[PDB]
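Trainee: curious how this folds, go ahead:
(chains A, B, C and D, ligands or ions: 6)
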Amino acid sequence: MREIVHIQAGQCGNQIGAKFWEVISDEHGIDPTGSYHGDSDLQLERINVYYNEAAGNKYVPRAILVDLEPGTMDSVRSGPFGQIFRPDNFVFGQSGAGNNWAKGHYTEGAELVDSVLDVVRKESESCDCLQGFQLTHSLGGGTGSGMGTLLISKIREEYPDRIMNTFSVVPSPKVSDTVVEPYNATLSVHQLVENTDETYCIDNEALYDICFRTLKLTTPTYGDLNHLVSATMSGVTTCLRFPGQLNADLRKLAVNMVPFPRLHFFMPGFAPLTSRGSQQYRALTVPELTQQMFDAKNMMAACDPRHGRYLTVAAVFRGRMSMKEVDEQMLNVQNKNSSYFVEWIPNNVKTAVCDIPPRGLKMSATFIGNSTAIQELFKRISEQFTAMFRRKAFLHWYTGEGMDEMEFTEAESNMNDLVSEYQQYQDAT
Amino acid sequence: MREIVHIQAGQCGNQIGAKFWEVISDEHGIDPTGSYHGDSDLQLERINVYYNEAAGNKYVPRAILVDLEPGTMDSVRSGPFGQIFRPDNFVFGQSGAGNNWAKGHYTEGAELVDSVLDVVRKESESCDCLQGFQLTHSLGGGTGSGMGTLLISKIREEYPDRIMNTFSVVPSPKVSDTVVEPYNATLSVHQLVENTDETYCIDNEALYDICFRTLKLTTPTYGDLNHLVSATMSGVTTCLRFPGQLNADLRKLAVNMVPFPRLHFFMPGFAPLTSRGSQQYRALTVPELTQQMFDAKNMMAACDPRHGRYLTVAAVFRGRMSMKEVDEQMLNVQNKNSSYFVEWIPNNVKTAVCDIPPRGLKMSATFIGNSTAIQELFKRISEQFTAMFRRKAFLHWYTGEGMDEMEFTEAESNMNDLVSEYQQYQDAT
Amino acid sequence: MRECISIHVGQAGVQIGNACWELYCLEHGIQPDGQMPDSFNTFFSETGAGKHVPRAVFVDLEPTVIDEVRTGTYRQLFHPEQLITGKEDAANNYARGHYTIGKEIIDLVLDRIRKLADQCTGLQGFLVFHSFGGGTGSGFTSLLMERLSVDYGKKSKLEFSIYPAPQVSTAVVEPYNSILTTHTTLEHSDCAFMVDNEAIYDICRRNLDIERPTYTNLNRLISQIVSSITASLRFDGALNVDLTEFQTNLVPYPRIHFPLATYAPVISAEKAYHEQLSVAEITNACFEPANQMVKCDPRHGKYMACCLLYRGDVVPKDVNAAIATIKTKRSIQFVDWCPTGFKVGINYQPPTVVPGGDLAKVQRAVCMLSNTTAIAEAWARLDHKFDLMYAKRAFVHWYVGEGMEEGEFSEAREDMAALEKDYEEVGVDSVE
Amino acid sequence: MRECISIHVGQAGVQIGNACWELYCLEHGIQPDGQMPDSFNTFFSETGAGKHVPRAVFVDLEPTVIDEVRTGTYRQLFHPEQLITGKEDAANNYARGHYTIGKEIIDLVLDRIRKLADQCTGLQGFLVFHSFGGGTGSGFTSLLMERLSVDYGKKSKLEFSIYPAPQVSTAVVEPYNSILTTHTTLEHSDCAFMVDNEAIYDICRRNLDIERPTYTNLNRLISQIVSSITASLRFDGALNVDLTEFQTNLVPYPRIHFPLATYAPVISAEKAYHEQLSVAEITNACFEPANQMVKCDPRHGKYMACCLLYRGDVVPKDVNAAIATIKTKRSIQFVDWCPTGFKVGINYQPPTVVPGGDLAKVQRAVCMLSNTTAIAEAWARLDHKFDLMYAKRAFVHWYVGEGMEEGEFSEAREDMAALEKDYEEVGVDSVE
Ligand SMILES: Nc1nc2c(ncn2[C@@H]2O[C@H](COP(=O)(O)OP(=O)(O)OP(=O)(O)O)[C@@H](O)[C@H]2O)c(=O)[nH]1
Ligand SMILES: Nc1nc2c(ncn2[C@@H]2O[C@H](COP(=O)(O)OP(=O)(O)OP(=O)(O)O)[C@@H](O)[C@H]2O)c(=O)[nH]1
Ligand SMILES: Nc1nc2c(ncn2[C@@H]2O[C@H](COP(=O)(O)OP(=O)(O)OP(O)(O)=S)[C@@H](O)[C@H]2O)c(=O)[nH]1
Ligand SMILES: Nc1nc2c(ncn2[C@@H]2O[C@H](COP(=O)(O)OP(=O)(O)OP(O)(O)=S)[C@@H](O)[C@H]2O)c(=O)[nH]1
Ligand SMILES: [Mg+2]
Ligand SMILES: [Mg+2]
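Mentor: Numbers count the residues shown, from 1 in each chain, chains lettered A, B, ... in the order given. Ligands and ions are numbered 1, 2, ... in the order given. Below you will find the coordinate block:
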């Protein structure tokens, strides 16, 4: 009843993915070996959405691990929780993609994709009623970007009526993590706009800011960042996995958050993120949560919502709380900050409430915002792309793999059109 | 939190500086290795004002040692505490200055200055929030005077918003140490008037007098003399470095003590001053301390404050003492000695109290007087300059290094103007 | 319900704050960790379970003074986010406080105030603690008040401002700071309570028999007065007065909003039990110039309005009697346009005493807030001080260097001249 | 799985190789006999029972240098068939290296490489160590590259090449050798890491306090850089950058394939205690011209790509911060057609240090590979040197005598002229 297929592509995809899995198993009372040692029957009731039950009372993630490189996979395998995964669901290459989209989509990735697809199909066929697929990856490398897009294309073709969603780590404003990241992102985006239902834009810069400024972590580690992402992911499926008062799922969220097919790029947020010293002085109740959620400093995308308008916003609350109170809070923010919400979608705030809180806490809240401010990010990428492409910099790395300039050009054009579309609705009355 | 950069130029500058550093180490519980072996947490709270924290519980002075000859440097290195310094922060030439300002400012100094500057910049960038710079040097030699002034000029250019203060060893009126010292002082002063924010005038004649007459030291050594200077210096930063009731700093002092930009030449003073025998026969209380402070025999500049007026006086007290009493004392001195204080600056006394006393003592006081009497010194210098320059004595030593008469003339003129200005405010009603 | 938000600015403001919050804790039985083994609620919010947190913000432009709070006895009492510090102080320079350095944290401070205010259901207004003389207390405070006026407005604002003494002083440029901040804050503040260190020291020496009073003692004394002002909100009383009422009573004209505070009885245990402290006796003590906390003589001025706040074992009839006799008294002259000059507040709760304090434990006390034409003298003095230094442009370059313009000095001075004349005008009796 | 084959050509290549394999052994805990009481496997193949063999070929045209290896401390480490020697050297003559003497052993060398490669399951590519100046390093290497391109083609090839100095010359014929080998190898090499002996010497004297540095010390230093490059393959890391990735990142045009290598921190035992070493601090050190391992001025050039490979106790946020500040820095200009200039690698393993080494053991290190328009200067210099000698046909008869044709000299020169122009064109900023 309501099976999801999880996919991890590349280093980032696999490291985030592992953390996510760890979180989920902890939630459902599953230990590193796959055995249930939980306390409530609620933890097993809807286990099947993410885990297959094998013989001898063990549970195994409905998870596929994919990479063109063998090192990160090995690391994962050696980690705490590495042994929970089905060994046959690791599909890894030997070559790598050398941070080249072409290699991921057309060459190395192409030679590996069928093997992945075979596993994926099998997984789909195991399941009674497939909800869809979640893909975790970056847009800046070669496998996550090129291979990931390929996977999306094929899966979508196979299963057009199941939901395809992505948790995409997007390149950042200040630092350049790679040289050719603009190419890789731009190409990826072109496919995503055509072939995904919804895309969660996670940006590491924003994460850093959150960790340093809000969480008061002088020295954040990548693990910590990954944890936040994992928590957000968990937030989105909590209403599908547990009893609640007002129950959302992936389809309903998509319907509420996507008013036009192409405009499906979310800025996700999580509340409450607090320091160790700062926890006992504030009362973690719904109002606090609300105050935390709707501000620039707590958004995981490098863009200020105050630079655009919110098209739609979904808030998903976990814990035992007053529905009335929640609704009041939602109303209040809309009323007082009227100018930040586009006026042709009345009551553009959607609510979900699940009775099961996350571990250690009395309550939490997870935020999905579709803001026209995200266009700034796209514009930046376009500009960066153009600056390089106009001088044909690095181009022979991609053309060498069979790619033509026309493909690049088309990709650019598509990106530009999307930005224009975003602008139009930002400006509409 | 408010980092200070320490600079030492020439033999005197380096000898004073070493002593100062030693004094500071003792205060903050730092041993000859750079390890903290103190007891109070207050010793480390503000340790970053003077020390950089190195890897594995070491503390290193934010100190630059500069000289055109290597002998003094070598001595320092071999001296007690020599090993505490960063080896790369000793920047020394091979030639020497031969007591020639020209060589320090234009020739040898010019060849060395960039190396100093590079270190300085690095040090500045180390610090989160640079308060400014303290330079320890003589005016009568070639390096401290010529090179030091050049350094000041460059530092100012680089960092015009950070405060530059100088502990300046000035030529005594009675006994000239070196033959060309009037030239060297005069040139130095030209630079100092435009480029330093505050200048502490120290004369060895005063120091000797204090040591023999007040401290009852039959045979003072230069080290002992330098200790007085160190005490003054430490006293000046005490409010920045420790908790207190009313907390002064370098900026505040400048604001209180400098009513006009050029008139920033202080006569520093210290109390108490007591022999081994003579300490037990009189109790150290606030009023006694105040009395000790306000007289000619206790001033570190050989000029009688009774021959001028005080524009401003800052007193900084260290130890547990009652504010009320202090205030009363301050009022009393103003009242009774009305004729020695300028009439157009009411409440010309600035008071600061720091609760942490110096070592060995229950209470102490450091005094900063901005007196129109310092004009005497300048007049004397002008006279001495004139006596030599009108006959062009020794001139070829300076002109041989590229200097011209015009420069000298302008310097002289500037000095005379300053004197005139001092006189005008002394005489104003 | 009737919440009050306290803001402590600069060294004086912070140190006084330390003394005030220490006192409040003792009064409500709140331990230094925020725990207690309903009245508290106007000053303390409640968090989680069995913890109470001051409705307060501490701000200074340097870290040193606030760092003491962080590391001190009441480290756990205050929420870390309400302790705000910059890097560099305002160096006794209004400009640095108001512009160059203040502009770096003002937004932050205000944001936190907004968060505090959003948790209030019946916000009465503010208590602002600072000095006139410091660069932060003068420049930052003025800036802050301006913002407050814009963002809140009609919610009341109250200032405890440390006036410089006539003879005693701390800085050289105190006059400049005092003048500018008074000028800039005047139209933005509703009521400002002056207190002067010299006067309090004198009180300590004469009335408490303390040879050597510390700033601590002064702070403690100030805390008493503040408690009396807020006791009407923190406890139940017979006749009650709330922060809005004071401004209505004490301020007859918008610009003339400077009363003065006087607390009594201030005595020691050596000299407490050779007296019996009746209402008449303490009232008379209060209304005599020797017990005043401003170095000014009401005998040389006129009274415009008094508010008397009594606390503890008090009987209304007795108070009325006491006041009646004071009305007759030759040494108390009141302005002609004011037939009735006393608002009276009476609260049942005695002033409770700080362990290890200089004051003796008494059955009753009184805090007078009184408004007097005698304050004109102080203003005149300050103006004179300003003019002496300004004629020579002494220290001016500092201020200009931080972006202040010379014309603003003259503007401030003229405004103060006008203020001085306003007091004078008020002084005279009505024609016919 | 991810095997890396190392080829060491001529004296420089072999001696560097000695230093590299010494270091690798220490890093993986392999003894001089190949034994150890899993990560090693990319560099060492495994035979029989607890013995491990370097995935390497050492070639020289004379026996003397390799004879040292055979008779030395690491005699048991290498299998005899991987140490290849001829009888007569190339005598600083490119022609002898490329044609006359080289054509006698090329087949042999390639055969052994094929055998090596046949025992690899996931060949990443080749590391080729040589010099520009020697007849073997220049002539043989070009030949070897040509053959490699034929038998493998699309496998990443990397050259660590000792570019000749401006002042510190060794032979007279160095310019000829450099020019010809560059011309002939250009279309066959994917990326080449230039190094300059003068610069390394300077570093040794200034940063390591070494009065008289030996070639050994230089080799050791080089070994560190190489180690940092391959640590991402030999160990686990939080963010990993491989041999293929470098070429993708650092090469904007096929011809412009010469990034320069820089290492930090290189310090003495005494200078470890008095200096803190943060990521920002070492990155800044790297990005400053005095620590560079080619005698060139980046301040006079533009950066086209930087790859920064951090290792040890390193935090990604910190690296980001460091890079951000370097971006701001006015003295570091990047080409206008490249908004993204950094590829960043971060690996957990600290740089391991050789017992009795000149470098102090540090918690953090970094190896920068940066491509700069400043290299143009070096090319210009080399061309000038070539021109001076060629105008007189000085030494030309030797080359012709060994079977080279004079027209090929002119061809090499013109190709280099073209290369020079290519750099210049790249230099200029984008129009409109
Ligand atoms: N009553 C009392 N007055 C104080 C105290 N501390 C400082 N003062 C007075 O406040 C004035 C000095 O201003 P401060 O508050 O110290 O200065 P600041 O606000 O910290 O401003 P800057 O230090 O210039 O940034 C002087 O008149 C002092 O006498 C205190 O604890 N109690
Ligand atoms: N960095 C470094 N450079 C070296 C070393 N040995 C030689 N060189 C440099 O290599 C160049 C000389 O080339 P060699 O490698 O000795 O000559 P070869 O490759 O043996 O060629 P032939 O002897 O002509 O057959 C000069 O630039 C030397 O400075 C070394 O141990 N380290
Ligand atoms: N949050 C998070 N982000 C990462 C991590 N590793 C890389 N990134 C981000 O991802 C982008 C590149 O990711 P990377 O992991 O190299 O993708 P990849 O697809 O695995 O790279 P490849 O296999 O094609 S060569 C950069 O923007 C970088 O900031 C990680 O562990 N956590
Ligand atoms: N207080 C103090 N003064 C000193 C000391 N040594 C020298 N002086 C004073 O400094 C002046 C000369 O100092 P000197 O050390 O010659 O300066 P210099 O710049 O190093 O001299 P040079 O290198 O150009 S030749 C004289 O006035 C002398 O009295 C010392 O140890 N303590
Ligand atoms: Mg202060
Ligand atoms: Mg050789």
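Trainee: only C-alpha atoms from now on, for both contacts and neighbour counts.
Mentor: OK.
Trainee: distance from the chain centre to stretch A:47-67, please.
Mentor: From the chain centre to the centre of stretch A:47-67 is a distance of 20 Å (Cα atoms, centre = their mean, to the nearest Å).
Trainee: so which bits of that stretch are buried?
Mentor: Within stretch A:47-67, the residues that qualify as buried are A:47-52, A:58-67, counting by 16 or more other Cα atoms under 10 Å in any protein chain shown.
Trainee: stretch A:413-425 too?
Mentor: Of the residues in stretch A:413-425, A:414-416, A:418-419, A:421-423 count as buried by neighbour count, 16+ other Cα under 10 Å.
Trainee: relative to ligand 3, which of these is nearest.
Mentor: Taking Cα to the nearest ligand atom as the measure, ligand 3 lies nearest residue A:415 of the buried residues of stretch A:413-425, at 19.0 Å.
Trainee: list the contacts of the helix or strand hosting the closest one.
Mentor: Residue A:415 is part of helix A:405-427 when elements are defined by DSSP states H and E. For helix A:405-427, contacts defined as Cα atoms under 8 Å, 6 or more residues apart in numbering or on different chains pick out A:186-187, A:189-190, A:262-263, A:308-309, A:342, A:372, A:375, A:378-379, A:382, A:385, A:399.
Trainee: and if you look at stretch A:153-168?
Mentor: Where contact means Cα under 8 Å, 6+ apart, the residues beyond stretch A:153-168 that reach it are A:117, A:130-139, A:152, A:191, A:195-202, A:250-251.
Trainee: can you list the buried residues in that stretch?
Mentor: Neighbour-count burial for stretch A:153-168, with 16+ other Cα under 10 Å as criterion, is recorded at A:153, A:155-156, A:162-168.
Trainee: now stretch C:73-83
Mentor: Buried residues in stretch C:73-83, counted by 16+ other Cα under 10 Å: C:74-79, C:82-83.
Trainee: is it positioned near chain B?
Mentor: No. For a cut-off given as Cα under 8 Å from any Cα of the partner chain, stretch C:73-83 has no contacts with chain B; the smallest distance is 15.1 Å.
Trainee: can you give me the helices for the stretch 201-350 of chain A?
Mentor: For the stretch 201-350 of chain A, the helices defined by DSSP state H, counting those that start in this stretch occupy A:204-209, A:222-241, A:250-257, A:286-293, A:323-336.
Trainee: and the angle from the last one to helix A:286-293?
Mentor: For helix A:323-336 and helix A:286-293, the angle between their directions (axes from the mean of the first three to the mean of the last three Cα atoms, to 10 degrees) works out to 40 degrees.
Trainee: anything in helix A:323-336 near chain C?
Mentor: No. Applying Cα under 8 Å from any Cα, one finds that helix A:323-336 is not in contact with chain C, the shortest distance being 12.6 Å.
Trainee: so where do the strands sit in the stretch 101-250 of chain C?
Mentor: Along the stretch 101-250 of chain C, the segments classed as strands by DSSP state E, counting those that start in this stretch run C:125-131, C:156-163, C:191-196.
Trainee: list the residues that contact residue C:162.
Mentor: Under the criterion of Cα under 8 Å, 6+ apart, the contact partners of residue C:162 comprise C:12, C:130-133, C:194-197.
Trainee: in JSON lines: these, plus neighbour count and distance to residue A:2.
Mentor: As requested, those are exported to JSON lines (neighbours: other Cα atoms under 10 Å in any protein chain shown; distance: Cα to Cα, whole Å):
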{"residue": "C:12", "neighbour count": "25", "distance to residue A:2": "65"}
{"residue": "C:130", "neighbour count": "27", "distance to residue A:2": "63"}
{"residue": "C:131", "neighbour count": "26", "distance to residue A:2": "67"}
{"residue": "C:132", "neighbour count": "28", "distance to residue A:2": "69"}
{"residue": "C:133", "neighbour count": "29", "distance to residue A:2": "70"}
{"residue": "C:194", "neighbour count": "21", "distance to residue A:2": "71"}
{"residue": "C:195", "neighbour count": "24", "distance to residue A:2": "72"}
{"residue": "C:196", "neighbour count": "21", "distance to residue A:2": "75"}
{"residue": "C:197", "neighbour count": "21", "distance to residue A:2": "75"}
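Trainee: restrict those residues to contacts with ligand 1.
Mentor: With Cα under 6 Å from any ligand atom as the criterion, the contacts of residue C:162 include C:12, C:131, C:133, C:197 near ligand 1.
Trainee: domain assignment for the chain?
Mentor: Going with chain A. For chain A, the domain assignment from curated CATH domains gives the residue ranges A:1-259, A:260-373, A:374-429.
Trainee: that's the wrong chain, I meant chain C
Mentor: Structural domains annotated on chain C: C:1-259, C:260-374, C:375-432, as defined by curated CATH domains.
Trainee: now the ones you listed in TSV, please, with extra columns for distance to residue D:385.
Mentor: Putting those into TSV (distance: least, Cα to Cα, whole Å) gives the following:
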stretch	distance to residue D:385
domain C:1-259	58
domain C:260-374	89
domain C:375-432	58
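Trainee: any idea which of those is most buried?
Mentor: By mean neighbour count, with neighbours taken as mean count of other Cα atoms under 10 Å in any protein chain shown, domain C:1-259 ranks first of the domains of chain C at a mean of 20.
Trainee: chain center to that one, what's the gap?
Mentor: Mean-position distance between domain C:1-259 and its chain equals 7 Å (Cα atoms, centre = their mean).
Trainee: for residue A:66, give me phi and psi.
Mentor: As for residue A:66, its main-chain torsions (degrees, to the nearest 10) stand at phi -130, psi 140.
Trainee: if I look at the closest residue to chain B within the stretch 201-350 of chain A, how far off is ligand 4?
Mentor: Of all residues in the stretch 201-350 of chain A, residue A:218 sits closest to chain B, at 15.0 Å by Cα to the nearest Cα. Distance of residue A:218 to ligand 4, given as Cα to the nearest ligand atom, to the nearest Å: 45 Å.
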